[PDB]
Amino acid sequence: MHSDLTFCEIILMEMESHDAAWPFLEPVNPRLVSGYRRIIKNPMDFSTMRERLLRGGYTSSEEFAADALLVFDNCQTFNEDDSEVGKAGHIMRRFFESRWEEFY
Ligand SMILES: CCc1c(-c2csc(N=C(N)N)n2)[nH]c(C)c1C(C)=O
Ligand SMILES: [Mg+2]
């Protein structure tokens, strides 16, 4: 749908610009994060969804939502809930779930 994916733009822009978005704008650099490659099989981040979305690489809004949920799953997999990335991921995750349900 044009509408299904016109909305994925709105929310991704809103995540891209959220105060808590800083852990997720770029891919995690495994050279700098010991253990990340080993633990996180499928990395995901906002710039990667942005690339895929501009490219037309999403066919349904469900695919987009899967990529968003994967950012936060990988976050909670790797970081303790009281870590700084962890605290930021809970804010970004709660923002995403609520903004996504407000539409669907
Ligand atoms: C802790 C590193 C990390 C960042 C990140 C972005 S920027 C930065 N470093 C400073 N602000 N010093 N860390 N993002 C995610 C999703 C991470 C992990 C391992 O899950
Ligand atoms: Mg889940």
# chains A, B, ... in the order shown; residues from 1 in each chain; ligands from 1
>>> closest_atom_pairs(of="chain A", to="ligand 2", cutoff="9 Å", atoms="only C-alpha atoms and all ligand atoms", output="JSON lines")
{"residue": "A:66", "atom": "CA", "partner": "ligand 2", "partner_atom_place_in_ligand_line": "1 (Mg)", "distance": 8.8}
{"residue": "A:69", "atom": "CA", "partner": "ligand 2", "partner_atom_place_in_ligand_line": "1 (Mg)", "distance": 6.3}
{"residue": "A:70", "atom": "CA", "partner": "ligand 2", "partner_atom_place_in_ligand_line": "1 (Mg)", "distance": 7.9}
{"residue": "A:72", "atom": "CA", "partner": "ligand 2", "partner_atom_place_in_ligand_line": "1 (Mg)", "distance": 8.4}
{"residue": "A:73", "atom": "CA", "partner": "ligand 2", "partner_atom_place_in_ligand_line": "1 (Mg)", "distance": 6.6}
>>> write_last_selection(atoms="N, CA, C and O atoms", output="tab-separated table (two decimals), in the first residue's frame")
chain	number	residue	atom	x	y	z
A	66	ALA	N	8.87	-5.75	11.42
A	66	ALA	CA	9.81	-6.78	11.84
A	66	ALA	C	11.21	-6.19	12.03
A	66	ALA	O	11.90	-6.52	13.01
A	69	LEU	N	11.20	-4.09	15.26
A	69	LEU	CA	11.22	-4.93	16.44
A	69	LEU	C	12.58	-5.59	16.62
A	69	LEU	O	13.01	-5.84	17.75
A	70	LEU	N	13.28	-5.86	15.51
A	70	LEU	CA	14.57	-6.54	15.63
A	70	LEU	C	15.63	-5.62	16.24
A	70	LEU	O	16.50	-6.09	16.97
A	72	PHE	N	15.16	-3.61	18.65
A	72	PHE	CA	14.98	-3.60	20.10
A	72	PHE	C	15.16	-4.98	20.72
A	72	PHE	O	15.66	-5.07	21.85
A	73	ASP	N	14.77	-6.04	20.02
A	73	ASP	CA	15.14	-7.39	20.45
A	73	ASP	C	16.66	-7.52	20.61
A	73	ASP	O	17.14	-7.91	21.68
>>> residues_near_ligand(ligand="ligand 1", cutoff="7 Å", atoms="only C-alpha atoms and all ligand atoms", output="list in words")
residues 22, 23, 24, 26, 28, 33, 36, 74, 75, 78, 79 and 85 of chain A
>>> select_by_dssp(residues="chain A", states="alpha helix (DSSP H)", output="PyMOL selection string")
chain A and resi 2-17+36-39+46-54+61-78+84-101
>>> residues_around(residues="stretch 47-54 of chain A", least_positions_apart="2", cutoff="8 Å", atoms="only C-alpha atoms", output="VMD selection string")
chain A and resid 9 12 24 to 27 44 to 45 56 to 58 64 67 to 68
>>> closest_residue(among="A:21, A:103, A:63, A:55", to="residue A:90", atoms="only C-alpha atoms")
A:21
>>> closest_residue(among="A:71, A:91, A:10, A:1", to="residue A:41", atoms="only C-alpha atoms")
A:71
